[PDB]
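In: to kick things off, part of the complex as it is:
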Amino acid sequence: XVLXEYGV
Amino acid sequence: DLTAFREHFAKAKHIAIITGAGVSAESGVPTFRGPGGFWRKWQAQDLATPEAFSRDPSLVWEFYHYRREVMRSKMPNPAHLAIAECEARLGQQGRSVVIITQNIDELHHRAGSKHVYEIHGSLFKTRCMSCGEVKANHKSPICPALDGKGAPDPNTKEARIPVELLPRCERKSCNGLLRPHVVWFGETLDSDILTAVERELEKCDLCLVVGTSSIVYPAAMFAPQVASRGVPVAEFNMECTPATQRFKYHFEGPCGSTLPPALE
């Protein structure tokens, strides 16, 4: 799954 | 160039509008990013996380209670509406218009946009931590214990509510703890939603990025897909647009001003 803000 | 944009808009038949928090900001909604964006002693980054919730729901719920209450005085700006109206106006003629939004304040819903994708979920939706149910909730206060808590001042004492008295699952066969049905830092987006969006974008023949830019999350997950098919993309935001290297359709300045002319 896609993190919010790509992890940041 | 404006009238260039207008002739795609004329021709175009499946439009997909991505909204950032620029539009929310234009309605007076706070958004807790950088320059002066704190709540009491913390920025969003501290509170909008699963651990913060595990570790202090009283506090997290205060934060979120406050955000729910502020919407009571905060109305949809002219963009929110031009969209809603354009969606409706176009649909009449069998023309498709969908909103894809990083915002969670239901302001599109209130302007009356219908085919909408809330990709961060919503403030006015609740998820039971026990059974997992997702129901809408616009109660003010969401529960007695929070009644007029969540005040935004650095100094404010913490409501310090016992967890049993935070909002709970009304299906009392469970009575689990509810959380805001919102995507937090370090949580994945709903694959179901992205598939639907991915479909929707692939169908689109004109894309609008509004109150944000193509180059940053979340727009940047999508704009490529559509741009890569040669579909024109148009930004409407406050980001400045350097000399010499102006994009094919940047529309600098507040959405509320820029957009309704564009969409009429």
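Out: Good, I have the coordinates. Residues are numbered from 1 along each chain as shown, chains lettered A, B, ... in the order given.
In: which residue does the stretch 51-200 of chain B bring closest to chain A?
Out: Closest to chain A within the stretch 51-200 of chain B is residue B:188: 2.5 Å, counting by Cβ to the nearest Cβ. All C-beta spots, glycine's among them, are computed from the backbone N, C-alpha and C.
In: tell me, how many residues neighbour that residue?
Out: Under the neighbour criterion other Cβ atoms under 10 Å in any protein chain shown, residue B:188 is assigned a count of 11.
In: and for residue B:122?
Out: The tally of other residues near residue B:122 (other Cβ under 10 Å) stands at 19.
In: tell me which element it falls in.
Out: Assigned by DSSP states H and E, residue B:122 belongs to strand B:121-128.
In: repeat that for residue B:17.
Out: Residue-wise, residue B:17 maps onto strand B:14-19 under DSSP H and E.
In: middle-most residue in the chain, spatially?
Out: In the absence of a named chain, this looks at chain A. Chain A has residue A:3 as the residue nearest its centroid, 2.1 Å off, counting by Cα atoms, centre = their mean.
In: meant chain B, my bad for not saying
Out: Chain B, centroid-nearest residue using Cα atoms, centre = their mean: residue B:103 at 0.8 Å.
In: for it, which non-adjacent residue is spatially closest?
Out: residue B:24 (4.7 Å; Cβ to Cβ, 6 or more residues apart in numbering or on different chains).
In: quick revisit: is chain A within reach of the strand holding residue B:122?
Out: No - Strand B:121-128 is not in contact with chain A by Cβ under 8 Å from any Cβ of the partner chain; minimum separation 11.0 Å.
In: help me confirm that the residue nearest to the centre of chain A comes into contact with residue B:183.
Out: No - applying Cβ atoms under 8 Å as the test, residue A:3 and residue B:183 come out as separate, 9.6 Å apart.
In: where does the closest residue to residue B:75 other than its chain neighbours land in three-state SS?
Out: In space, and not counting its chain neighbours, residue B:75 is closest to residue B:27: 6.1 Å by Cβ to Cβ, 6+ apart. Secondary structure, DSSP: H, G, I helix; E, B strand; the rest coil: residue B:27 is coil.
In: contact partners for residue B:27?
Out: By Cβ atoms under 8 Å, 6 or more residues apart in numbering or on different chains, the residues touching residue B:27 are B:74-77, B:80, B:105, B:107.
In: out of these, which is nearest to residue B:62?
Out: residue B:105 (17.7 Å; Cβ to Cβ).
In: check contacts around that closest one.
Out: Residue B:105 neighbours (Cβ under 8 Å, 6+ apart): B:24, B:27, B:29, B:67, B:71, B:74, B:122-123.
In: which two from those residues end up farthest apart in space?
Out: Farthest pair in the contacts of residue B:105, by Cβ to Cβ: B:27 and B:122, 15.5 Å.
In: domain-wise, how is chain B divided?
Out: Structural domains assigned to chain B are B:1-29+B:75-118+B:188-264, B:30-74+B:119-187, following curated CATH domains.
In: ok, the spatially closest residue to residue B:79 that is not a sequence neighbour - contacts?
Out: Spatial nearest neighbour of residue B:79, excluding adjacent residues (Cβ to Cβ, 6+ apart): residue B:255 at 3.9 Å. Residue B:255 is in contact with B:22-23, B:26, B:77-79, B:210-211, B:236-237, counting by Cβ under 8 Å, 6+ apart.
In: can you slot in chain C too:
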Amino acid sequence: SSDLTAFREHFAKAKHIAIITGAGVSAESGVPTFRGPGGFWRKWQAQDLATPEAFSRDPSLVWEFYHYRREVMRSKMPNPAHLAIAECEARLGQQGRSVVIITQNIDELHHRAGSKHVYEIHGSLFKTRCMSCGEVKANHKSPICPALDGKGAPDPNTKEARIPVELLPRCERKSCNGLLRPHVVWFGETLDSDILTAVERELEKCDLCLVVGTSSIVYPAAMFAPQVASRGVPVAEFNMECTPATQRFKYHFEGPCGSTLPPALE
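Out: Adding chain C to the chains above:
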């Protein structure tokens, strides 16, 4: 009364609210109204064109003027007041609480914010009246008719469309085929007795009245707010007219409606 939270406790208690809107609210949405000092249309102000004679004597021209006004709404959105109202009306109704708008405006902006129990007392731009048989239907067609298509340009210089009357909008119930006019009140035209009776009823029922983007002391707000205030029902003004210290009613709330009102009604 400057004081906010005082007002809020009537609002809490109150069960039939009646909100009167002036053109202040329309102005706050960018809507032009052609009286104000610099606001002409080609060679004339509203006063010249918004009359029965002007219509009898040059419908081509009047219809141009009105065609243009209809089209400008296409870019002009409801401001936060228009909505707070609509939302408050809806939110209150849920709890069996009554909310009605009484409005001097003719731009359907309340309708578009989604207010329902509304009284357009000057009629509306987007309603048509047959001169022959008298029929009243809504009309949002753009253009209202082919002959006016992209006419009505506002520049002093602009040539007149000069349309022959048979090609101006007509009664499509061809049992008649009369000429249509805008279903609006013009200068020197009295208000619909039907509507006033309904309003008179509505006001008599109300236990809180709001005057918005106008003031109690001037026509036509002054036909209403006094009647109800005089029975001790509280009246609250929300406007940008200074209306000097003595002319403010119970609660004044000076400054733009869009700012002032949503806090008040939430």
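In: the contacts of residue B:27 again please, chain C included this time.
Out: Applying Cβ under 8 Å, 6+ apart, we find residue B:27 in contact with B:74-77, B:80, B:105, B:107, C:80.
In: which ones among the residues you listed lie within strands?
Out: Of the positions in the contacts of residue B:27, not one sits in strands, assigned by DSSP state E.
In: let me know the closest of these to residue A:7.
Out: Nearest to residue A:7 among the contacts of residue B:27 is residue B:105, at 24.6 Å by Cβ to Cβ.
In: run the chain-centre distance for stretch B:257-264.
Out: Averaging C-alpha positions (Cα atoms, centre = their mean, to the nearest Å) puts stretch B:257-264 20 Å from its chain's average.
In: that older thread, now for the strand holding residue B:17, which elements pack on it?
Out: helix B:78-92, strand B:96-101, helix B:191-203, strand B:206-210 (3 or more Cβ pairs under 8 Å, 6 or more residues apart in numbering or on different chains; DSSP states H and E).
In: which other helices and strands does the shortest one contact?
Out: Applying 3+ Cβ pairs under 8 Å, 6+ apart, one finds that strand B:206-210 makes contact with strand B:14-19, helix B:223-227, strand B:233-237.
In: strand partners of it, parallel vs antiparallel please.
Out: When pairing is defined by DSSP bridges, strand B:206-210 lines up against strand B:14-19 (parallel), strand B:233-237 (parallel).
In: how far off centre is the longest one?
Out: The chain centroid and the centroid of strand B:14-19 are separated by 14 Å, computed with Cα atoms, centre = their mean.
In: repeat that for stretch B:176-195.
Out: Relative to its chain's centre, stretch B:176-195 lies at 13 Å (Cα atoms, centre = their mean).
In: buried set for that stretch?
Out: Neighbour counts over stretch B:176-195 (16 or more other Cβ atoms under 10 Å in any protein chain shown) mark B:177-185, B:187, B:189-190, B:193-194 as buried.
In: please apply the same query to stretch B:227-236.
Out: Neighbour-count burial for stretch B:227-236 [16+ other Cβ under 10 Å]: B:231-236.
In: make CSV out of these and add distance to residue A:7.
Out: Formatted as CSV, the buried residues of stretch B:227-236 follow (distance: Cβ to Cβ, whole Å):
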residue, distance to residue A:7
B:231, 28
B:232, 30
B:233, 25
B:234, 29
B:235, 25
B:236, 28
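In: from these, which single one is nearest residue A:8?
Out: Nearest to residue A:8 among the buried residues of stretch B:227-236, with distances taken as Cβ to Cβ, is residue B:235, at 22.0 Å.
In: pretty sure the residue nearest to the centre of chain B contacts residue B:123?
Out: No - contact criterion Cβ under 8 Å: residue B:103 and residue B:123 do not qualify, at 9.4 Å.
In: show me the contacts for residue B:194.
Out: Contacts of residue B:194 by Cβ under 8 Å, 6+ apart are A:2, B:119.
In: repeat for the one 3 residues further on
Out: When the contact criterion is Cβ under 8 Å, 6+ apart, the partners of residue B:197 are B:100, B:117, B:119, B:222.
In: picking up where we left off before, distance check, the residue nearest to the centre of chain B against residue B:152.
Out: Residue B:103 sits 19 Å away from residue B:152 when distances are taken as Cβ to Cβ, to the nearest Å.
In: many thanks, we can stop here.
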